[PDB]
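Peer 1: Just one file: upload-v9.cif, with mmCIF, N, CA and C atoms.
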```
data_query
#
loop_
_atom_site.label_atom_id
_atom_site.label_comp_id
_atom_site.auth_asym_id
_atom_site.auth_seq_id
_atom_site.Cartn_x
_atom_site.Cartn_y
_atom_site.Cartn_z
N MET A 1 -4.51 -12.58 -18.46
CA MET A 1 -3.47 -11.60 -18.02
C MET A 1 -2.11 -12.27 -17.88
N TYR A 2 -1.41 -12.35 -19.02
CA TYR A 2 -0.03 -12.78 -19.06
C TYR A 2 0.86 -11.86 -18.21
N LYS A 3 2.05 -12.33 -17.86
CA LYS A 3 3.04 -11.48 -17.21
C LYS A 3 3.59 -10.51 -18.24
N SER A 4 3.96 -11.05 -19.41
CA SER A 4 4.46 -10.30 -20.57
C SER A 4 3.77 -8.97 -20.88
N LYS A 5 2.46 -8.91 -20.68
CA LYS A 5 1.69 -7.67 -20.87
C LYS A 5 2.16 -6.55 -19.93
N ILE A 6 2.51 -6.91 -18.69
CA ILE A 6 3.09 -5.95 -17.76
C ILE A 6 4.46 -5.49 -18.25
N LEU A 7 5.28 -6.42 -18.75
CA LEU A 7 6.65 -6.09 -19.13
C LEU A 7 6.78 -5.48 -20.50
N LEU A 8 5.73 -5.59 -21.30
CA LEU A 8 5.72 -4.90 -22.58
C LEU A 8 5.45 -3.42 -22.33
N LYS A 9 4.46 -3.14 -21.48
CA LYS A 9 4.16 -1.78 -21.04
C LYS A 9 5.42 -1.15 -20.49
N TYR A 10 6.19 -1.91 -19.70
CA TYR A 10 7.38 -1.37 -19.08
C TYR A 10 8.55 -1.29 -20.08
N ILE A 11 8.61 -2.19 -21.07
CA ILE A 11 9.72 -2.12 -22.10
C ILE A 11 9.51 -1.01 -23.16
N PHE A 12 8.28 -0.86 -23.61
CA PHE A 12 7.92 0.19 -24.54
C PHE A 12 7.34 1.45 -23.86
N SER A 13 7.36 1.52 -22.53
CA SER A 13 7.01 2.77 -21.86
C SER A 13 7.97 3.84 -22.38
N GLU A 14 7.43 4.98 -22.78
CA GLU A 14 8.31 6.05 -23.27
C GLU A 14 8.98 6.81 -22.12
N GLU A 15 8.20 7.11 -21.09
CA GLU A 15 8.70 7.91 -19.98
C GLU A 15 7.74 7.87 -18.81
N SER A 16 8.28 8.03 -17.61
CA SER A 16 7.40 8.19 -16.47
C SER A 16 7.43 9.62 -15.96
N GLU A 17 6.25 10.21 -15.87
CA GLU A 17 6.04 11.46 -15.16
C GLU A 17 6.32 11.26 -13.67
N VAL A 18 6.56 10.00 -13.28
CA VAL A 18 6.95 9.65 -11.91
C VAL A 18 8.33 10.22 -11.59
N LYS A 19 8.38 11.15 -10.64
CA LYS A 19 9.63 11.80 -10.30
C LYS A 19 10.14 11.34 -8.94
N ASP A 20 11.46 11.44 -8.76
CA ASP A 20 12.15 11.18 -7.49
C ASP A 20 11.85 9.81 -6.89
N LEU A 21 11.78 8.79 -7.74
CA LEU A 21 11.55 7.43 -7.26
C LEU A 21 12.70 6.99 -6.36
N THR A 22 12.39 6.78 -5.08
CA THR A 22 13.43 6.52 -4.09
C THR A 22 13.02 5.37 -3.18
N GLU A 23 13.99 4.54 -2.83
CA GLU A 23 13.75 3.43 -1.93
C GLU A 23 13.79 3.93 -0.49
N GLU A 24 12.77 3.54 0.28
CA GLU A 24 12.67 3.93 1.69
C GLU A 24 13.49 2.96 2.56
N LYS A 25 14.14 3.49 3.59
CA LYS A 25 15.00 2.68 4.48
C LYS A 25 14.27 1.66 5.39
N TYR A 26 13.18 2.06 6.02
CA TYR A 26 12.58 1.21 7.06
C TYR A 26 11.77 -0.02 6.62
N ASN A 27 10.93 0.12 5.61
CA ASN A 27 10.02 -0.95 5.20
C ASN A 27 10.49 -1.65 3.93
N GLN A 28 11.81 -1.76 3.81
CA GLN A 28 12.51 -2.32 2.65
C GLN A 28 12.12 -3.74 2.32
N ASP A 29 11.81 -4.51 3.36
CA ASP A 29 11.27 -5.80 3.24
C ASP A 29 10.04 -5.87 2.37
N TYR A 30 9.27 -4.79 2.39
CA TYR A 30 8.06 -4.68 1.61
C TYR A 30 8.27 -3.69 0.47
N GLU A 31 9.49 -3.66 -0.06
CA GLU A 31 9.87 -2.82 -1.20
C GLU A 31 9.37 -1.38 -1.07
N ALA A 32 9.66 -0.74 0.06
CA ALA A 32 9.12 0.60 0.29
C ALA A 32 9.72 1.64 -0.64
N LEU A 33 8.84 2.42 -1.28
CA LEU A 33 9.28 3.47 -2.19
C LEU A 33 8.53 4.77 -1.99
N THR A 34 9.18 5.87 -2.37
CA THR A 34 8.60 7.19 -2.31
C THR A 34 8.81 7.81 -3.68
N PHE A 35 7.84 8.61 -4.12
CA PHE A 35 7.92 9.27 -5.42
C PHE A 35 6.81 10.31 -5.53
N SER A 36 6.96 11.19 -6.51
CA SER A 36 5.90 12.12 -6.83
C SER A 36 5.35 11.86 -8.24
N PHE A 37 4.07 12.17 -8.41
CA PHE A 37 3.40 12.09 -9.69
C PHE A 37 2.40 13.24 -9.74
N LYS A 38 2.54 14.07 -10.77
CA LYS A 38 1.70 15.25 -10.98
C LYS A 38 1.58 16.13 -9.73
N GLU A 39 2.75 16.49 -9.21
CA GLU A 39 2.89 17.36 -8.03
C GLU A 39 2.32 16.76 -6.74
N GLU A 40 2.08 15.45 -6.74
CA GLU A 40 1.57 14.78 -5.54
C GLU A 40 2.53 13.71 -5.03
N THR A 41 2.61 13.57 -3.71
CA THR A 41 3.55 12.63 -3.11
C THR A 41 2.95 11.25 -2.85
N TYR A 42 3.76 10.23 -3.09
CA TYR A 42 3.31 8.86 -2.93
C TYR A 42 4.28 8.06 -2.09
N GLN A 43 3.72 7.09 -1.38
CA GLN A 43 4.49 6.04 -0.72
C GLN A 43 3.89 4.71 -1.20
N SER A 44 4.73 3.80 -1.71
CA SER A 44 4.24 2.49 -2.12
C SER A 44 4.89 1.31 -1.38
N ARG A 45 4.11 0.23 -1.23
CA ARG A 45 4.58 -1.05 -0.68
C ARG A 45 4.05 -2.22 -1.51
N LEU A 46 4.80 -3.33 -1.46
CA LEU A 46 4.39 -4.64 -1.97
C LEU A 46 4.01 -5.51 -0.77
N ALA A 47 2.71 -5.79 -0.63
CA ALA A 47 2.20 -6.60 0.47
C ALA A 47 2.65 -8.06 0.30
N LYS A 48 2.54 -8.83 1.38
CA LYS A 48 2.97 -10.23 1.45
C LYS A 48 1.86 -11.16 1.85
N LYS A 49 1.78 -12.28 1.16
CA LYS A 49 0.97 -13.40 1.62
C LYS A 49 1.69 -14.08 2.79
N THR A 50 0.98 -14.27 3.89
CA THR A 50 1.49 -15.02 5.03
C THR A 50 0.76 -16.38 5.09
N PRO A 51 1.38 -17.41 5.70
CA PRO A 51 0.89 -18.77 5.46
C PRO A 51 -0.47 -19.08 6.08
N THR A 52 -0.70 -18.62 7.31
CA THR A 52 -1.85 -19.05 8.12
C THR A 52 -3.00 -18.05 8.08
N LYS A 53 -2.81 -16.95 7.37
CA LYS A 53 -3.78 -15.88 7.41
C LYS A 53 -4.15 -15.40 6.03
N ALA A 54 -5.40 -14.97 5.92
CA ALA A 54 -5.95 -14.45 4.68
C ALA A 54 -5.47 -13.03 4.43
N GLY A 55 -5.70 -12.54 3.22
CA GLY A 55 -5.34 -11.18 2.87
C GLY A 55 -3.85 -11.08 2.66
N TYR A 56 -3.36 -9.85 2.61
CA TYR A 56 -1.95 -9.61 2.40
C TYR A 56 -1.49 -8.61 3.44
N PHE A 57 -0.44 -8.99 4.17
CA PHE A 57 0.16 -8.19 5.21
C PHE A 57 1.09 -7.14 4.60
N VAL A 58 1.07 -5.95 5.19
CA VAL A 58 1.97 -4.86 4.79
C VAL A 58 2.38 -4.00 6.00
N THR A 59 3.63 -3.53 6.00
CA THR A 59 4.12 -2.60 7.03
C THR A 59 4.19 -1.14 6.56
N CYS A 60 3.85 -0.23 7.47
CA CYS A 60 3.94 1.20 7.21
C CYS A 60 4.45 1.88 8.48
N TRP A 61 5.76 1.99 8.61
CA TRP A 61 6.29 2.60 9.82
C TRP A 61 7.63 3.28 9.64
N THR A 62 7.89 4.19 10.59
CA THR A 62 9.10 4.97 10.58
C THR A 62 9.79 4.94 11.95
N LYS A 63 10.99 5.50 12.02
CA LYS A 63 11.68 5.68 13.29
C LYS A 63 11.65 7.13 13.76
N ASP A 64 11.30 7.33 15.03
CA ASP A 64 11.37 8.66 15.64
C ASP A 64 12.80 9.03 16.04
N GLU A 65 12.97 10.21 16.64
CA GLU A 65 14.28 10.71 17.06
C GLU A 65 14.95 9.83 18.12
N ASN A 66 14.14 9.07 18.85
CA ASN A 66 14.66 8.17 19.88
C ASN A 66 14.90 6.77 19.34
N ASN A 67 14.93 6.63 18.01
CA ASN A 67 15.12 5.34 17.34
C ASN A 67 14.02 4.30 17.61
N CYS A 68 12.84 4.76 18.03
CA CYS A 68 11.72 3.85 18.28
C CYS A 68 10.85 3.78 17.04
N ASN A 69 10.45 2.56 16.66
CA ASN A 69 9.49 2.35 15.57
C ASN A 69 8.16 3.00 15.86
N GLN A 70 7.61 3.69 14.86
CA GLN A 70 6.33 4.38 15.05
C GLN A 70 5.48 4.34 13.78
N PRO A 71 4.14 4.42 13.93
CA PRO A 71 3.33 4.68 12.74
C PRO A 71 3.68 6.09 12.23
N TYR A 72 3.42 6.35 10.95
CA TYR A 72 3.55 7.70 10.39
C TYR A 72 2.43 8.56 10.96
N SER A 73 2.72 9.85 11.13
CA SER A 73 1.73 10.81 11.55
C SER A 73 1.00 11.37 10.34
N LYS A 74 -0.23 11.81 10.58
CA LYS A 74 -1.02 12.52 9.59
C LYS A 74 -0.17 13.58 8.87
N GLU A 75 0.51 14.40 9.67
CA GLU A 75 1.17 15.60 9.19
C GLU A 75 2.40 15.36 8.33
N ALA A 76 3.07 14.23 8.54
CA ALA A 76 4.31 13.95 7.83
C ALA A 76 4.13 13.09 6.57
N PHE A 77 2.99 12.41 6.46
CA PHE A 77 2.81 11.42 5.39
C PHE A 77 2.52 12.02 4.01
N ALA A 78 2.85 11.24 2.98
CA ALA A 78 2.54 11.55 1.59
C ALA A 78 1.03 11.67 1.36
N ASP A 79 0.66 12.24 0.22
CA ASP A 79 -0.76 12.39 -0.12
C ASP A 79 -1.43 11.04 -0.32
N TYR A 80 -0.69 10.07 -0.86
CA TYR A 80 -1.24 8.73 -1.10
C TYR A 80 -0.36 7.61 -0.59
N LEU A 81 -0.99 6.51 -0.15
CA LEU A 81 -0.27 5.26 0.07
C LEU A 81 -0.68 4.21 -0.98
N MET A 82 0.29 3.68 -1.72
CA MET A 82 -0.06 2.68 -2.71
C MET A 82 0.37 1.28 -2.29
N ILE A 83 -0.61 0.39 -2.06
CA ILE A 83 -0.30 -1.02 -1.75
C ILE A 83 -0.41 -1.92 -2.98
N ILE A 84 0.72 -2.41 -3.49
CA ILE A 84 0.73 -3.33 -4.62
C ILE A 84 0.54 -4.77 -4.09
N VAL A 85 -0.32 -5.56 -4.75
CA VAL A 85 -0.43 -7.01 -4.51
C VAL A 85 -0.06 -7.81 -5.79
N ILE A 86 0.87 -8.74 -5.64
CA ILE A 86 1.25 -9.65 -6.73
C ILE A 86 1.22 -11.09 -6.22
N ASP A 87 0.26 -11.85 -6.72
CA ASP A 87 0.01 -13.19 -6.27
C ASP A 87 -0.22 -14.08 -7.49
N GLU A 88 0.88 -14.42 -8.19
CA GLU A 88 0.83 -15.21 -9.43
C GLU A 88 -0.04 -14.58 -10.51
N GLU A 89 -1.13 -15.28 -10.81
CA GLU A 89 -2.11 -14.92 -11.84
C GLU A 89 -2.93 -13.70 -11.44
N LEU A 90 -2.67 -13.18 -10.25
CA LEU A 90 -3.42 -12.03 -9.78
C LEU A 90 -2.55 -10.85 -9.34
N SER A 91 -2.79 -9.68 -9.91
CA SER A 91 -2.20 -8.44 -9.39
C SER A 91 -3.21 -7.31 -9.38
N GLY A 92 -2.98 -6.35 -8.50
CA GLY A 92 -3.84 -5.19 -8.31
C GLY A 92 -3.12 -4.22 -7.39
N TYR A 93 -3.70 -3.05 -7.18
CA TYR A 93 -3.17 -2.14 -6.17
C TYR A 93 -4.30 -1.40 -5.49
N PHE A 94 -4.09 -1.08 -4.22
CA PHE A 94 -4.92 -0.12 -3.56
C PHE A 94 -4.16 1.20 -3.65
N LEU A 95 -4.90 2.29 -3.57
CA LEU A 95 -4.31 3.61 -3.50
C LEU A 95 -5.17 4.35 -2.50
N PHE A 96 -4.67 4.51 -1.27
CA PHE A 96 -5.46 5.15 -0.21
C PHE A 96 -4.96 6.56 0.00
N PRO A 97 -5.86 7.56 -0.05
CA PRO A 97 -5.35 8.89 0.25
C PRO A 97 -5.09 9.06 1.75
N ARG A 98 -4.07 9.86 2.07
CA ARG A 98 -3.71 10.13 3.45
C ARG A 98 -4.93 10.28 4.37
N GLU A 99 -5.94 11.02 3.93
CA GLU A 99 -7.09 11.30 4.82
C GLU A 99 -7.91 10.05 5.15
N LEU A 100 -7.92 9.10 4.23
CA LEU A 100 -8.53 7.80 4.50
C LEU A 100 -7.72 7.04 5.57
N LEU A 101 -6.40 7.01 5.41
CA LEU A 101 -5.52 6.43 6.40
C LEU A 101 -5.82 6.97 7.81
N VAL A 102 -6.06 8.27 7.93
CA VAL A 102 -6.40 8.88 9.21
C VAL A 102 -7.74 8.37 9.75
N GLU A 103 -8.74 8.30 8.88
CA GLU A 103 -10.09 7.88 9.24
C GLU A 103 -10.10 6.46 9.79
N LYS A 104 -9.18 5.64 9.29
CA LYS A 104 -9.08 4.21 9.61
C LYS A 104 -8.00 3.85 10.63
N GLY A 105 -7.32 4.85 11.19
CA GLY A 105 -6.41 4.63 12.31
C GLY A 105 -5.04 4.13 11.91
N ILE A 106 -4.72 4.19 10.63
CA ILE A 106 -3.37 3.80 10.21
C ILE A 106 -2.37 4.91 10.56
N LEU A 107 -2.68 6.17 10.26
CA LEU A 107 -1.76 7.26 10.60
C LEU A 107 -2.04 7.85 11.96
N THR A 108 -0.99 8.25 12.67
CA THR A 108 -1.14 8.92 13.97
C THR A 108 -1.74 10.34 13.88
N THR A 109 -2.66 10.65 14.79
CA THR A 109 -3.10 12.02 14.99
C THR A 109 -2.88 12.39 16.46
N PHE A 110 -3.14 13.64 16.82
CA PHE A 110 -2.94 14.15 18.18
C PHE A 110 -3.85 13.43 19.18
N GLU A 111 -4.86 12.77 18.62
CA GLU A 111 -5.95 12.15 19.35
C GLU A 111 -5.63 10.68 19.69
N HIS A 112 -4.93 10.00 18.78
CA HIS A 112 -4.71 8.55 18.88
C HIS A 112 -3.60 8.06 17.95
N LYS A 113 -2.86 7.07 18.43
CA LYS A 113 -1.69 6.51 17.74
C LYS A 113 -2.13 5.69 16.53
N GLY A 114 -1.30 5.65 15.49
CA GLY A 114 -1.63 4.86 14.31
C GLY A 114 -1.34 3.37 14.43
N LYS A 115 -1.09 2.76 13.28
CA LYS A 115 -0.72 1.36 13.16
C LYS A 115 0.52 1.27 12.29
N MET A 116 1.39 0.31 12.61
CA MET A 116 2.65 0.09 11.89
C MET A 116 2.57 -1.00 10.83
N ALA A 117 1.42 -1.68 10.82
CA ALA A 117 1.13 -2.83 9.96
C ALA A 117 -0.37 -2.99 9.80
N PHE A 118 -0.80 -3.45 8.63
CA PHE A 118 -2.19 -3.86 8.42
C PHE A 118 -2.35 -4.87 7.29
N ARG A 119 -3.56 -5.42 7.18
CA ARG A 119 -3.90 -6.34 6.08
C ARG A 119 -4.80 -5.64 5.06
N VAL A 120 -4.55 -5.93 3.79
CA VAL A 120 -5.40 -5.49 2.70
C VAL A 120 -6.04 -6.71 2.02
N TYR A 121 -7.25 -6.54 1.50
CA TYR A 121 -8.04 -7.65 0.99
C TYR A 121 -8.54 -7.34 -0.41
N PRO A 122 -7.74 -7.71 -1.43
CA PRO A 122 -8.16 -7.56 -2.81
C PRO A 122 -9.54 -8.14 -3.08
N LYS A 123 -10.13 -7.70 -4.19
CA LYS A 123 -11.50 -8.10 -4.52
C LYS A 123 -11.69 -9.61 -4.71
N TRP A 124 -10.63 -10.30 -5.12
CA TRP A 124 -10.67 -11.75 -5.28
C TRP A 124 -10.84 -12.58 -3.99
N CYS A 125 -10.57 -11.98 -2.81
CA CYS A 125 -10.60 -12.71 -1.55
C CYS A 125 -11.98 -13.09 -1.14
N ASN A 126 -12.16 -14.39 -0.90
CA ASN A 126 -13.44 -14.96 -0.53
C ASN A 126 -13.44 -15.51 0.90
N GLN A 127 -14.61 -15.91 1.39
CA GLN A 127 -14.71 -16.62 2.66
C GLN A 127 -14.03 -15.90 3.84
N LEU A 128 -13.98 -14.57 3.79
CA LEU A 128 -13.33 -13.79 4.85
C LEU A 128 -14.21 -13.84 6.10
N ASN A 129 -13.60 -13.78 7.29
CA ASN A 129 -14.36 -13.65 8.55
C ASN A 129 -14.87 -12.21 8.67
N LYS A 130 -15.73 -11.94 9.64
CA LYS A 130 -16.45 -10.66 9.66
C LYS A 130 -15.56 -9.42 9.62
N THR A 131 -14.59 -9.34 10.52
CA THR A 131 -13.73 -8.17 10.64
C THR A 131 -13.05 -7.92 9.29
N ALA A 132 -12.38 -8.96 8.80
CA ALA A 132 -11.71 -8.94 7.51
C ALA A 132 -12.70 -8.56 6.41
N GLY A 133 -13.96 -8.98 6.57
CA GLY A 133 -15.03 -8.63 5.62
C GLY A 133 -15.19 -7.12 5.52
N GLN A 134 -15.44 -6.50 6.67
CA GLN A 134 -15.64 -5.05 6.82
C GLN A 134 -14.42 -4.23 6.38
N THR A 135 -13.23 -4.66 6.79
CA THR A 135 -12.00 -4.11 6.24
C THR A 135 -12.11 -4.13 4.72
N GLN A 136 -12.44 -5.30 4.16
CA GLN A 136 -12.55 -5.48 2.71
C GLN A 136 -13.51 -4.51 2.05
N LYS A 137 -14.66 -4.26 2.68
CA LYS A 137 -15.62 -3.33 2.12
C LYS A 137 -14.94 -1.96 1.84
N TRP A 138 -14.07 -1.50 2.73
CA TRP A 138 -13.56 -0.13 2.60
C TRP A 138 -12.34 0.04 1.74
N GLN A 139 -11.52 -1.00 1.62
CA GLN A 139 -10.39 -0.91 0.74
C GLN A 139 -10.92 -1.18 -0.66
N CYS A 140 -12.16 -1.69 -0.71
CA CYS A 140 -12.83 -2.12 -1.95
C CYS A 140 -12.82 -1.02 -2.98
N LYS A 141 -13.33 0.11 -2.51
CA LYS A 141 -13.54 1.31 -3.28
C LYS A 141 -12.24 1.94 -3.77
N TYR A 142 -11.08 1.42 -3.32
CA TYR A 142 -9.74 1.94 -3.67
C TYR A 142 -8.88 0.94 -4.42
N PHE A 143 -9.47 -0.22 -4.69
CA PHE A 143 -8.77 -1.27 -5.37
C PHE A 143 -8.96 -1.20 -6.87
N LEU A 144 -7.89 -1.54 -7.59
CA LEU A 144 -7.88 -1.74 -9.03
C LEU A 144 -7.09 -2.99 -9.40
N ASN A 145 -7.73 -3.89 -10.13
CA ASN A 145 -7.08 -5.09 -10.67
C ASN A 145 -6.26 -4.72 -11.90
N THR A 146 -5.04 -5.25 -12.07
CA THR A 146 -4.27 -4.96 -13.29
C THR A 146 -4.92 -5.58 -14.53
N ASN A 147 -5.95 -6.39 -14.31
CA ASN A 147 -6.62 -7.12 -15.40
C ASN A 147 -8.08 -6.68 -15.50
N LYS A 148 -8.31 -5.37 -15.34
CA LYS A 148 -9.66 -4.79 -15.35
C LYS A 148 -10.30 -4.81 -16.75
N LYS A 149 -11.63 -4.91 -16.78
CA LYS A 149 -12.42 -5.05 -18.03
C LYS A 149 -12.19 -3.91 -19.01
#
```
Do you think you could lay out the structure here as structure tokens?
Peer 2:
Amino acid sequence: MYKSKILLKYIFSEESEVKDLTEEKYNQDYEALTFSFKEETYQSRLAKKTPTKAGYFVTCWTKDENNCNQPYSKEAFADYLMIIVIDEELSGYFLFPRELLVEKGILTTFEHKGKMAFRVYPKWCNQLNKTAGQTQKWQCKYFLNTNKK
């Protein structure tokens, strides 16, 4: 999986059905974007490798009317959250539907507050500790490697 293969797709791409591609204000550090594809809404981030910890860290948060940082609510969020991972010779993305985010406590509901940050664990990650293991099992089913068979 050369880099060039990604940029050839992007140089000879004819068009994107991707509409309203817009940069988000709050999670800009993680290249936050919003867009629609086939009448569905998306939010994407580029996760980060941190030095002392496994997996890839990502932020998902907004500001309320009182200027306080908050997790996104179930009701306000896009249909999908897309987490891109780029780690040299390795790239992939998760694509979690809003309802999964709710099931896993990332988005706020009337019942309980969400999370403003989490870790994602691509299929390549080995030697994970238990918690990270279990996290990995569930993002597993939503992961795609850019270098798939």
Peer 1: Just asking: which residues within segment 9-94 of chain A are strand (DSSP E) according to DSSP, as a PyMOL selection string?
Peer 2: chain A and resi 19-23+33-37+40-46+56-59+62-63+69-70+80-87+90-94
Peer 1: Taking the file above as input, evaluate the PyMOL selection byres ((chain A and resi 115-125) around 5) and report the hits as a list in words.
Peer 2: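 So the PyMOL selection byres ((chain A and resi 115-125) around 5), applied here, picks out residues 55, 56, 57, 58, 59, 60, 61, 71, 105, 106, 107, 113, 114, 126 and 127 of chain A.
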Peer 1: Given the PyMOL selection byres (((chain A and resi 84 and name CA) around 6) and name CA) and the file above, list the residues it selects as a list in words.
Peer 2: residues 45, 46, 83, 85 and 93 of chain A
Peer 1: Using all atoms listed in the file, pick whichever of A:90, A:68, A:47, A:7 has the shortest atom-to-atom distance to residue 147 of chain A.
Peer 2: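 Of A:90, A:68, A:47, A:7, the one nearest residue 147 of chain A, counting all atoms listed in the file, is A:90.
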Peer 1: For the atom pair atom CA of residue 87 of chain A and atom CA of residue 37 of chain A, what is the interatomic distance in Å to one decimal place?
Peer 2: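 Computing it gives 25.7 Å between the two atoms.
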Peer 1: Apply the PyMOL selection byres ((chain A and resi 75) around 8) to the structure shown and report the selected residues as an MDAnalysis selection string.
Peer 2: chainID A and resid 72:74 76:78 107:109
Peer 1: Give me the residues within 6 Å of residue 96 of chain A as a PyMOL selection string, counting all atoms listed in the file and dropping any in the same chain fewer than 5 places off.
Peer 2: chain A and resi 79-83+101
Peer 1: Those same residues - N, CA and C atoms - I'd like them written as a compact mmCIF listing (two decimals), in the frame of the given file.
Peer 2:
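Once written, out_35.txt looks like this:
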```txt
# COMPACT_ATOMS: atom_id res chain seq x y z
N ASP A 79 0.66 12.24 0.22
CA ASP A 79 -0.76 12.39 -0.12
C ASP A 79 -1.43 11.04 -0.32
N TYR A 80 -0.69 10.07 -0.86
CA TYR A 80 -1.24 8.73 -1.10
C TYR A 80 -0.36 7.61 -0.59
N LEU A 81 -0.99 6.51 -0.15
CA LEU A 81 -0.27 5.26 0.07
C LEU A 81 -0.68 4.21 -0.98
N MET A 82 0.29 3.68 -1.72
CA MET A 82 -0.06 2.68 -2.71
C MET A 82 0.37 1.28 -2.29
N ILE A 83 -0.61 0.39 -2.06
CA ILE A 83 -0.30 -1.02 -1.75
C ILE A 83 -0.41 -1.92 -2.98
N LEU A 101 -6.40 7.01 5.41
CA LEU A 101 -5.52 6.43 6.40
C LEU A 101 -5.82 6.97 7.81
```
Peer 1: Could you work out how far atom CA of residue 44 of chain A lies from atom CA of residue 32 of chain A, giving the answer in Å with one decimal?
Peer 2: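 Spanning atom CA of residue 32 of chain A to atom CA of residue 44 of chain A is a straight-line distance of 5.8 Å.
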Peer 1: Would you please give, as a count of residues only, all residues of chain A that DSSP assigns to alpha helix (DSSP H) based on the backbone?
Peer 2: 25
Peer 1: To one decimal place in Å, what is the distance between atom N of residue 19 of chain A and atom CA of residue 31 of chain A?
Peer 2: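 Atom N of residue 19 of chain A sits 16.9 Å away from atom CA of residue 31 of chain A.
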Peer 1: Point out the residue among A:62, A:146, A:135, A:22 with the least atom-to-atom distance to residue 91 of chain A, counting only C-alpha atoms.
Peer 2: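 Of the candidates, the smallest distance to residue 91 of chain A is held by A:146.
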